[PDB]
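Colleague: Next up is a structure, given as structure tokens.
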Amino acid sequence: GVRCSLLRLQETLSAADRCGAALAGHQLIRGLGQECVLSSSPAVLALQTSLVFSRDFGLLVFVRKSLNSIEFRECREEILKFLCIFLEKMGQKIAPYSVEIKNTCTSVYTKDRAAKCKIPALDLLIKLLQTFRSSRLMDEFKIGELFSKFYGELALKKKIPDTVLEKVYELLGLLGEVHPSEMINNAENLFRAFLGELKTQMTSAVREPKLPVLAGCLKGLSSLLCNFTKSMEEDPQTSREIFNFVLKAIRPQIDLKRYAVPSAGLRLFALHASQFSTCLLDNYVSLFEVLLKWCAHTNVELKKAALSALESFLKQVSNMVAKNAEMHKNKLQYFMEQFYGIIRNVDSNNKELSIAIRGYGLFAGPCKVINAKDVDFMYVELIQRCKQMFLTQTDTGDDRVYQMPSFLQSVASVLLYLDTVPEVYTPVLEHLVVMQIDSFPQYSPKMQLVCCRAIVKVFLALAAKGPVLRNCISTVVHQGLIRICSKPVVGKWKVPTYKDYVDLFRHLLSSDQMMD
Amino acid sequence: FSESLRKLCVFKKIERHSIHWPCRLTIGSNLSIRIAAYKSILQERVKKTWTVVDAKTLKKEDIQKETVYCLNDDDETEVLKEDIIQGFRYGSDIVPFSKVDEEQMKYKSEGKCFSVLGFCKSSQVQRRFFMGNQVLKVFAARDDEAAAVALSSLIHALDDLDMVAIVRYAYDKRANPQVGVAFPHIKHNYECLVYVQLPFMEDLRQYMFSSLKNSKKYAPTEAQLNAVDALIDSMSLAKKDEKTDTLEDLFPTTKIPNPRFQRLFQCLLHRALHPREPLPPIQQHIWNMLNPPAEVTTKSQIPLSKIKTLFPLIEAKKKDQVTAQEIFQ
Amino acid sequence: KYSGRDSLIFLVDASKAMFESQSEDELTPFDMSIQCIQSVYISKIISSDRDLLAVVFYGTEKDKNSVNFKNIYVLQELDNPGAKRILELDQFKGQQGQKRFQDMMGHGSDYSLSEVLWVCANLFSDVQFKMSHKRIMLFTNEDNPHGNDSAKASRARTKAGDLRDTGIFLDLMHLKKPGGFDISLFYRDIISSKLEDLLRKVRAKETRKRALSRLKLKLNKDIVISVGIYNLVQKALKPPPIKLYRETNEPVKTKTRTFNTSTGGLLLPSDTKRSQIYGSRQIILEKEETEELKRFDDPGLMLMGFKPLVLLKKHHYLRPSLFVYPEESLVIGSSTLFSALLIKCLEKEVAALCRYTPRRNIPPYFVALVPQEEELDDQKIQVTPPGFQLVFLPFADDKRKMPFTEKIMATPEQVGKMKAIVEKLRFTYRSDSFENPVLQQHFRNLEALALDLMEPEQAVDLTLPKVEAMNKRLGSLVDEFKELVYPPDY
Amino acid sequence: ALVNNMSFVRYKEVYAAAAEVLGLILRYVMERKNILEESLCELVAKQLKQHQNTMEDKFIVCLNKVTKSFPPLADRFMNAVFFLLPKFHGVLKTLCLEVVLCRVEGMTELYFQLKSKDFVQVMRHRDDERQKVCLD
DNA sequence: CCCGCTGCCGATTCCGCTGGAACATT
DNA sequence: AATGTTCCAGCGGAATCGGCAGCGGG
């Protein structure tokens with residue numbers, strides 16, 4: 001297949017009748033890429049990898065030799081598109097050719113004029129910088145001069161399409177994120193650049209905002225904030241502006257479709273809320289309102305990042321209040337009021353029940369600072385409520401095993417803070433842990449991570465008390481093995497045999513360190 | 001204090017008589033009249049340019065803008081201004097031979113001129129073809145004003161008729177020659193000859209527009225006709241009064257100043273006095289200056305409502321121009 | 001359609017009868033056709049340099065085309081005009097070019113007149129552009145390409161109608177065999193000489209039609225009619241130069257930037273402000289601030305009322321008029337109000353007065369919507385369309401005050417002799433034809449430079465006065481004017 | 001009124017559905033032959049003509065739908081189909097090829113017609129749907 | 001939760017006009 | 001110095017077109 005079309009694709013470049021040869025070349029490229037993507041056999045797959053990146057013929061040679069010719073722009077586009085796919089199907093096994101590809105992308109960006117060709121080149125370069133995060137190749141990617149070039153592009157070029165300003169800004173951020181050692185001396189300027197452009201796009205009183213530029217600048221700022229922390233501890237000038245812009249980008253403005261600015265803004269929030277902290281207590285009411293209403297937005301990708309942002313927000317405010325939970329007791333009262341109001345509310349939104357109870361458990365910590373007894377009231381209210389619903393309520397006549405991980409995480413969070421365990425709810429707590437080990441298969445994937453985290457957090461919680469409770473770990477593990485070994489092995493549900501639990505323990509006893 | 005703000009009356013006999021442009025009417029090649037063209041009604045622009053000064057030091061000399069012409073090589077292999085010749089798009093290609101060549105072979109105007117190309121009797125020169133950016137008025141030359149009486153005779157021969165003059169006018173050697181019309185005029189304090197440019201054949205454009213008279217989809221109902229008649233009468237801006245049996249000019253837009261430079265002046269003043277305060281609002285006398293008096297609006301609401309409720313559905317509105325400042329607050 | 005480029009295929013006859021000059025030494029009709037096509041290329045290369053043009057030869061001996069019919073030679077597949085193609089046709093001028101034509105492909109053969117039409121159809125059908133008009137100019141003198149066959153004639157008529165239904169309009173200009181149109185061909189069926197214009201009618205022009213503004217004429221509270229603001233007259237000017245690299249003749253890709261705050265380092269558009277130094281003190285404010293202090297209204301027209309056409313005196317001109325015409329697609333029913341206003345304003349001789357704002361952030365400027373009545377006749381003289389004319393109104397300082405301290409009249413007898421002279425020189429102004437000498441000369445010099453032929457033509461300045469003509473056509477009365485009351489007196 | 005909405009080109013389920021139904025009706029009246037067949041055939045050809053030179057895509061969509069059940073209508077329009085064939089890319093070129101497939105038999109040459117429209121190259125275009133039609 | 005179309009709406013490219021700033025001349 | 005020309009920069013119309021949402025089926 002390949003190298004039959006690849007040679008023909010080379011010879012179409014010298015053939016007369018350009019823009020007629022270009023159509024044949026585009027078809028050759030499409031068929032070749034389609035053959036390459038679908039082949040899954042490491043021998044043939046490696047042969048195709050070598051042929052595609054050949055030095056005499058091959059895709060990159062065609063791209064560099066068809067670069068002073070408008071007729072082939074589509075072909076170039078296609079090739080770059082295909083490579084973004086091929087780099088995804090592949091992995092670090094593009095590493096030998098990476099620098100080659102990198103150069104090609106750069107060259108295209110500086111010689112092709114169509115944004116429909118600049119965009120795929122920048123996308124491929126971003127995905128290269130993302131694939132080889134930590135590798136020997138990063139020093140070979142001349143990151144310093146790459147930044148010099150693209151940061152020149154921000155000034156020494158006038159009015160790019162803004163579908164390429166988005167990518168340029170995002171790439172400038174990614175340069176700070178990956179291989180930051182070579183960005184050390186030029187990140188400050190980059191920060192200014194972001195703080196410049198963002199400002200315009202969000203504070204112009206004369207011009208309609210460029211949403212793609214906003215998304216790109218927020219993504220780049222998010223990447224840059226790794227390795228280059230701008231905390232209120234040492235930077236109470238820049239960090240406050242970062243927070244103001246994120247707040248503007250996530251708050252409910254006029255009803256906007258094309259959810260790309262709120263999404264990136266609150267992803268930045270979810271990743272760096274700790275970085276800008278003091279501002280986070282100065283807006284807790286409005287922040288909580290906005291984050292909640294975003295969590296219910298029903299958009300498949302906005303809801304996910306909104307939930308992550310809410311988690312980080314609650315975690316950060318709990319940590320901040322816990323340090324000084326005496327003059328922030330108003331905020332404690334507010335958050336307990338809100339969580340209780342959610343719980344008392346008869347909704348079918350299990351998501352908001354989960355976040356409510358988990359924030360309740362999070363704030364259990366600082367509550368013991370003001371009373372030292374409400375922590376004892378919790379883990380009794382919580383244990384009793386959790387026993388009444390996952391331990392006797394409609395053994396199979398319901399579907400509310402969805403919020404068992406959140407309840408169990410809440411219990412783990414609570415009991416870490418109280419001394420003198422009430423010693424009579426120990427059996428019921430053991431029973432909850434055993435049953436969630438039992439109900440691991442019943443969950444969907446990406447919902448199995450959260451319950452393993454819940455189980456391990458419980459295990460860590462009651463392993464730090466004393467040997468007397470460390471015996472409960474022995475009993476609960478023994479019971480879980482009893483349950484999963486006692487299963488038959490050769491509007492409908494399924495039945496687990498033993499397989500569904502493997503990853504469970506594979507996560508518990510090996511893969512907590514990167515998770516705990 | 002109402003009209004003094006409304007008009008430029010507060011400025012008077014301060015601005016000098018602008019400029020006399022000396023030339024000569026040439027009819028054929030024998031008659032010649034020594035003439036002084038005074039530039040007249042003409043678009044006005046602010047005479048100061050916002051200067052780019054770098055922030056946090058406010059110094060113009062602290063920044064220099066450069067302009068390099070590199071190349072389209074794999075790297076930006078710069079070339080020098082001495083290595084650059086201007087070309088011209090001709091079909092699908094670009095023609096070299098930049099500047100000295102076209103300096104040699106460019107059209108030469110043979111100096112300034114105000115020669116006459118003949119005369120046009122009727123409304124062959126109708127105002128929708130005036131094409132200039134300025135309007136000149138030619139009077140005369142003094143110092144044995146034979147020229148002045150000759151041009152008075154010419155003006156009276158032009159205006160006692162409906163006749164007008166087509167003129168070949170050129171400012172100087174370098175100026176591109178132009179062809180225009182020469183109005184007779186009717187003034188008693190003075191008598192001029194008013195000149196406006198006039199299109200070349202590759203200037204004017206033929207566009208085809210579907211007719212409205214012979215339209216059945218958009219035939220207007222006579223109720224609509226009389227509603228519009230009522231609106232027009234209720235919204236008139238001219239009147240006959242003071243027992244003179246002549247028409248007056250209410251709301252003379254030809255008298256108020258340009259609000260652009262006035263509001264710029266006030267903004268500069270405010271930012272000079274109060275460097276921290278933000279943009280001021282637009283003065284209310286400015287808005288009152290750019291609006292018809294209240295009586296016409298009061299006369300107009302009722303016919304306006306008649307047309308609103310009587311003409312067909314003013315239906316489709318799906319557009320917006322929301323600003324960043326208002327979309328993020 | 002707006003982006004519909006026009007197409008034109010040149011189909012010339014090379015059979016036997018155009019390589020002999022009917023016993024004359026004036027011009028062989030083949031050379032006449034080549035002259036015509038040269039003229040059309042040089043015209044549309046500066047008038048419509050986006051239209052597609054093609055040259056196809058039939059009746060030749062050897063063949064070239066995508067179908068490989070015999071005796072059909074496509075010299076140029078249809079594409080934008082260029083200097084290369086004008087030169088490629090120029091190599092067939094005159095008798096030397098005639099023999100060159102003879103030797104490259106060679107005339108004399110049995111063409112079909114149905115394969116050639118098929119080739120033209122394929123040419124039209126092989127381009128990937130939106131075409132507004134498909135037209136084929138047939139350059140031939142023969143009357144009966146079917147002199148010995150009727151099946152051939154029927155096939156030709158069939159394929160002609162087969163072209164016509166797909167919107168391909170064949171038009172025929174016949175190279176007069178005896179030099180005058182008395183050869184009356186019966187083929188009014190196939191087609192849908194008028195050729196001197198095609199040799200030279202339009203030295204230079206342009207083509208377009210576009211809104212230039214889509215606004216809302218609002219009746220001051222909510223009654224809004226969408227409307228287009230067209231530009232009837234524009235003052236075209238020569239194309240801008242292109243910076244081109246000496247050694248290779250390539251565009252040079254300029255890039256401008258500001259830097260060096262006494263250090264050397266790129267300045268982003270955010271770290272600079274705008275200042276004006278007045279007197280001694282310097283006023284500073286930022287770019288969006290200096291963009292927003294000129295902002296009064298939203299784009300559109302708002303009625304200030306109505307004034308009769310009489311009291312707006314027609315020497316208050318500073319900006320060429322525009323043309324209001326109703327646009328319904330933005331808000332429906334606008335054309336009804338527009339027609340009502342047009343009719344009523346015409347009957348009352350009253351023009352509307354509006355506050356015009358073309359772009360989003362630009363000061364308002366007063367305009368007068370003067371109604372104009374569409375004029376037309378049996379000949380269909382569509383020379384002004386119905387609608388409004390935006391006369392731009394000066395404010396107070398766009399006007400200027402002049403000396404005015406001069407008032408001397410002339411006796412009511414020089415007026416008579418000036419009347420004599422003016423009625424002597426009275427002439428109809430024009431319909432067209434005063435083309436810009438500078439622009440025309442630029443086009444001619446550019447033609448010469450691109451085709452590097454002999455040296456550039458001299459555009460005949462229609463703008464110059466026929467000085468000797470006036471002098472002779474007045475005769476002995478201008479001197480009578482010169483010395484009637486005012487001798488030099490020395 | 002039946003054929004009119006085939007000019008209501010905003011929803012496929014309106015004009016395309018009307019074209020489908022029109023093809024069925026016209027094949028029926030042809031089969032149970034009666035003197036309403038030519039009148040309807042010409043009437044439908046009228047809107048097809050009105051689409052042929054102003055909206056090529058809707059023209060070919062409607063023509064494909066009609067010729068799904070009534071091939072012999074295509075005979076008037078195969079000239080336009082061939083003239084439009086080089087200008088289509090994607091599913092529309094496939095629709096054009098199906099239309100020309102409907103009447104392959106009886107066409108006098110169809111090989112100069114195809115090779116002229118560069119049939120060999122379009123066959124190598126990478127698409128299982130179109131390749132199959134080319135082989136048919 | 002997926003999966004798939006399919007409206008449709010946003011942005012690009014291409015023009016073109018206007019405005020503002022810089023030029024060169026008497 | 002007054003002005004006209006050239007040049008650069010910015011806005012909008014129009015066509016295209018791709019993918020972003022949301023909406024049904026699986």
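Ligands are numbered from 1 in the order shown, residues from 1 within each chain, and chains are lettered A, B, ... in the order they appear in the structure tokens.
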Show me, as a list in words, the residues of chain C whose atoms get within 9 Å of chain F, using only C-alpha atoms (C1' of nucleotides) for the distance check.
Modeller: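 Therefore, the residues near the partner are residues 2, 3, 210, 211, 212, 213, 214, 240, 359 and 360 of chain C.
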Colleague: Take the residues that were just selected and, keeping C-alpha atoms, output them as an mmCIF file, in the first residue's frame.
Modeller:
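Here's the written file part03.cif:
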data_model
loop_
_atom_site.group_PDB
_atom_site.id
_atom_site.type_symbol
_atom_site.label_atom_id
_atom_site.label_comp_id
_atom_site.auth_asym_id
_atom_site.auth_seq_id
_atom_site.Cartn_x
_atom_site.Cartn_y
_atom_site.Cartn_z
ATOM 1 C CA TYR C 2 -21.307 38.456 -6.240
ATOM 2 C CA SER C 3 -18.318 36.121 -6.518
ATOM 3 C CA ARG C 210 -21.598 45.619 -3.155
ATOM 4 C CA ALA C 211 -23.386 47.197 -0.222
ATOM 5 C CA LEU C 212 -20.515 49.126 1.433
ATOM 6 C CA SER C 213 -22.882 49.422 4.453
ATOM 7 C CA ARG C 214 -25.943 47.607 5.791
ATOM 8 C CA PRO C 240 -0.699 50.011 -4.742
ATOM 9 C CA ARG C 359 -19.091 52.370 11.433
ATOM 10 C CA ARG C 360 -19.326 51.323 15.049
#
Colleague: Only residues of chain B matter here; which ones have an atom within 6 Å of chain A, counting only C-alpha atoms? Give them as an NGL selection string.
Modeller: :B and (74 or 323-325 or 328)
Colleague: Counting only C-alpha atoms, collect the residues of chain C whose closest atom lies at most 8 Å from chain A, and write them out as a list in words.
Modeller: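 Residues passing the distance filter: residues 255, 256, 257, 258, 266, 267, 268, 269, 270, 271, 288, 291, 292 and 361 of chain C.
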Colleague: Can you spit out the residues from that selection as a CSV table (one decimal), in the first residue's frame, using N, CA, C and O atoms?
Modeller:
chain,number,residue,atom,x,y,z
C,255,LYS,N,7.6,43.2,7.7
C,255,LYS,CA,7.1,43.0,9.1
C,255,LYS,C,7.6,44.2,9.9
C,255,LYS,O,8.8,44.4,10.0
C,256,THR,N,6.7,44.9,10.5
C,256,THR,CA,7.0,46.1,11.3
C,256,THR,C,6.8,45.8,12.8
C,256,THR,O,5.9,45.0,13.2
C,257,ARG,N,7.6,46.4,13.6
C,257,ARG,CA,7.6,46.2,15.1
C,257,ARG,C,8.2,47.4,15.8
C,257,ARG,O,9.0,48.1,15.2
C,258,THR,N,7.9,47.5,17.1
C,258,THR,CA,8.4,48.5,17.9
C,258,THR,C,9.1,47.9,19.1
C,258,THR,O,8.6,46.9,19.7
C,266,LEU,N,11.3,43.3,22.4
C,266,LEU,CA,10.1,43.6,21.7
C,266,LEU,C,9.0,44.2,22.6
C,266,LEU,O,8.9,43.7,23.8
C,267,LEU,N,8.3,45.1,22.1
C,267,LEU,CA,7.2,45.8,22.9
C,267,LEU,C,5.9,45.2,22.4
C,267,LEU,O,5.5,45.4,21.2
C,268,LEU,N,5.1,44.6,23.3
C,268,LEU,CA,3.8,44.2,23.0
C,268,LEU,C,2.8,45.4,22.9
C,268,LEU,O,3.1,46.4,23.5
C,269,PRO,N,1.7,45.2,22.2
C,269,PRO,CA,0.8,46.4,22.0
C,269,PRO,C,0.2,46.8,23.3
C,269,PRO,O,-0.7,47.7,23.3
C,270,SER,N,0.6,46.2,24.5
C,270,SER,CA,0.0,46.5,25.8
C,270,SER,C,0.9,47.4,26.6
C,270,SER,O,0.3,48.0,27.6
C,271,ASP,N,2.2,47.5,26.4
C,271,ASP,CA,3.0,48.3,27.2
C,271,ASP,C,3.3,49.7,26.7
C,271,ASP,O,4.3,50.3,27.1
C,288,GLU,N,-7.4,52.1,23.8
C,288,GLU,CA,-8.8,52.0,23.8
C,288,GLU,C,-9.5,53.3,24.2
C,288,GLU,O,-10.6,53.6,23.6
C,291,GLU,N,-9.6,55.4,21.2
C,291,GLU,CA,-10.5,54.9,20.3
C,291,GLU,C,-12.0,55.2,20.7
C,291,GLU,O,-12.8,55.3,19.8
C,292,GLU,N,-12.2,55.4,22.0
C,292,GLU,CA,-13.6,55.5,22.5
C,292,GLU,C,-14.1,56.9,22.7
C,292,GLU,O,-15.2,57.1,22.9
C,361,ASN,N,-17.6,52.9,15.8
C,361,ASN,CA,-17.0,53.9,16.6
C,361,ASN,C,-16.6,55.1,15.7
C,361,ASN,O,-15.4,55.1,15.3
Colleague: How many Å separate atom CA of residue 308 of chain C from atom CA of residue 348 of chain C?
Modeller: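 Here the two named atoms are 7.7 Å from each other.
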Colleague: Skip residue 289 of chain B itself and residues of its chain fewer than 5 positions away, then list as a list in words all residues within 9 Å of it, counting only C-alpha atoms (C1' of nucleotides).
Modeller: residues 5, 6, 256, 259 and 284 of chain B
Colleague: Could you turn the residues from that selection into a file that holds N, CA, C and O atoms, as a JSON list (two decimals), in the first residue's frame?
Modeller:
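Heads up, here's the output in selection.json:
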[["chain", "number", "residue", "atom", "x", "y", "z"],
["B", 5, "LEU", "N", -23.14, 78.72, 22.28],
["B", 5, "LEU", "CA", -22.65, 77.35, 22.37],
["B", 5, "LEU", "C", -23.00, 76.57, 21.11],
["B", 5, "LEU", "O", -22.19, 75.76, 20.64],
["B", 6, "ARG", "N", -24.18, 76.81, 20.55],
["B", 6, "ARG", "CA", -24.67, 76.00, 19.44],
["B", 6, "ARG", "C", -23.88, 76.27, 18.16],
["B", 6, "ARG", "O", -23.75, 75.38, 17.31],
["B", 256, "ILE", "N", -24.10, 74.24, 13.20],
["B", 256, "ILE", "CA", -23.52, 73.72, 14.43],
["B", 256, "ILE", "C", -22.12, 73.21, 14.14],
["B", 256, "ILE", "O", -21.84, 72.80, 13.01],
["B", 259, "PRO", "N", -19.24, 67.93, 16.52],
["B", 259, "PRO", "CA", -19.10, 67.50, 17.91],
["B", 259, "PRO", "C", -17.85, 66.70, 18.17],
["B", 259, "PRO", "O", -17.43, 66.60, 19.33],
["B", 284, "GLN", "N", -24.35, 67.27, 27.98],
["B", 284, "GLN", "CA", -25.74, 67.27, 27.58],
["B", 284, "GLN", "C", -26.02, 68.32, 26.51],
["B", 284, "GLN", "O", -26.88, 68.11, 25.65]]
Colleague: Quick one: which chain E residues come within 9 Å of chain A, and what is the nearest atom pair for each with the distance in Å to one decimal, counting only C-alpha atoms (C1' of nucleotides), rows ordered by chain and ascending number, as JSON lines?
Modeller:
{"residue": "E:11", "atom": "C1'", "partner": "A:163", "partner_atom": "CA", "distance": 8.2}
{"residue": "E:12", "atom": "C1'", "partner": "A:161", "partner_atom": "CA", "distance": 7.4}
{"residue": "E:13", "atom": "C1'", "partner": "A:114", "partner_atom": "CA", "distance": 8.9}
